[PDB]
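Consider the single chain below, provided in structure tokens and representing the form deposited without the ligand.
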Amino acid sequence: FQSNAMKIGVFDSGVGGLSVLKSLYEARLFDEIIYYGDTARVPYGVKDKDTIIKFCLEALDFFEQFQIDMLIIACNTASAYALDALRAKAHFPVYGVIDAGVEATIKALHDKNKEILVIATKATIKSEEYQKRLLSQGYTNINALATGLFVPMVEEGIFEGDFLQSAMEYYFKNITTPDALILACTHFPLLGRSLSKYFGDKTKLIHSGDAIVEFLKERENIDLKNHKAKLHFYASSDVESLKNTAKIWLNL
């Protein structure tokens, strides 16, 4: 089977990038998407920079046999550090989650003095990348906060209830209700309904998936497809467990 259109690949460390994969799939911008997840070596925030890079390079070598038009890095950690040596080795546009999220935040605020909150893993925060960027463009009212416990709550299917509420109430103790909240972790889009309901209408949720859909439109020549795209899933370890949560998060 060969047709004349665009085939791309999505790479996250674990299963978080499935939420990103969701938004891309609903868009119908491609005909085939290749999801790979290095689930053997999860998570990536633990390692130093050089090892993440040598790890991300091993994923590129993987994507070569498929020969894709564009590669998307769904890991905020990999996006921070590895999104460069990939380009010094790729023959095709390789993009990441951070800028799309930042740009989508700015466009949605257009107001330098508005209140921005950005939640993520401990590793995503320490890199300061989202911060280093939003400041450069003159946005002043910003705080960044590590809410790492949301990740295993997502993986155990906790999306609602007093327990999740107790978690939000815990993490968000004496916190300014922001105008826009950024989800700098790929698991977090699974808790959005609870968070907005918790934060209220004032807070505008910046979806990493939705931020990159609008992002690629700005940067690339894209056609909307009549037919829905074809999914492929690949994992370092335990592929079928990924395929499950894939069906769960999306309902194919």
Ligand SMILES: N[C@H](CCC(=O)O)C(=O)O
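Superpose the two forms; the largest set of C-alphas matching within 1.5 Å is the rigid core. Counting begins at 1, following the sequence as shown.
Set 16-24 against 229-237 and average the Cα temperature factors; 229-237 ends up higher. Here 161-169 and 147-155 are compared by their mean Cα B-factor, and 161-169 comes out higher. As recorded in the PDB entry, 60 shows the highest C-alpha B-factor of the residues 183, 60, 211, 33. When all modelled residues of the chain are sorted by CA temperature factor, residue 187 is found within the lowest third. The PDB entry assigns residue 115 a C-alpha temperature factor belonging to the middle third of its chain's modelled residues.
Among the modelled residues of the chain, residue 95 sits in the lowest third by CA temperature factor in this PDB entry. In this PDB entry, residue 69 carries a Cα temperature factor that places it within the middle third of its chain's modelled residues. Among the modelled residues of the chain, residue 179 sits in the middle third by CA temperature factor in this PDB entry.
The same protein also exists as the form deposited with the ligand bound; that form is not shown, yet it is the one meant from here on.
Within this chain, residue 42 lines the site of the ligand in the entry with it bound, having a heavy atom no more than 4.5 Å away. Although the partner is absent here, residue 117 sits far enough away that none of its heavy atoms falls within 4.5 Å of the ligand in the entry with it bound. Shown alone here, residue 124 lies within 4.5 Å of the ligand in the entry with it bound, counting heavy atoms only.
With a 4.5 Å cutoff on heavy atoms, residue 77 counts as touching the ligand in the entry with it bound. Considering the ligand in the entry with it bound, the lone stretch of 179-187, 209-217, 25-33, 59-67 in range is 179-187 [heavy atom distance within 4.5 Å]. The single contact residue among 142, 151, 83, 158, judged by any heavy atom lying within 4.5 Å of the ligand in the entry with it bound, is 151. Once both forms are fitted on their rigid core, the CA atom of residue 106 lies less than 2 Å apart between the shown form and the other one. Taking the rigid core as fixed, one finds a CA shift for residue 83 smaller than 2 Å between the shown form and the other one.
Once both forms are overlaid on the rigid core, the distance between the two CA positions of residue 92 between the shown form and the other one is under 2 angstroms.
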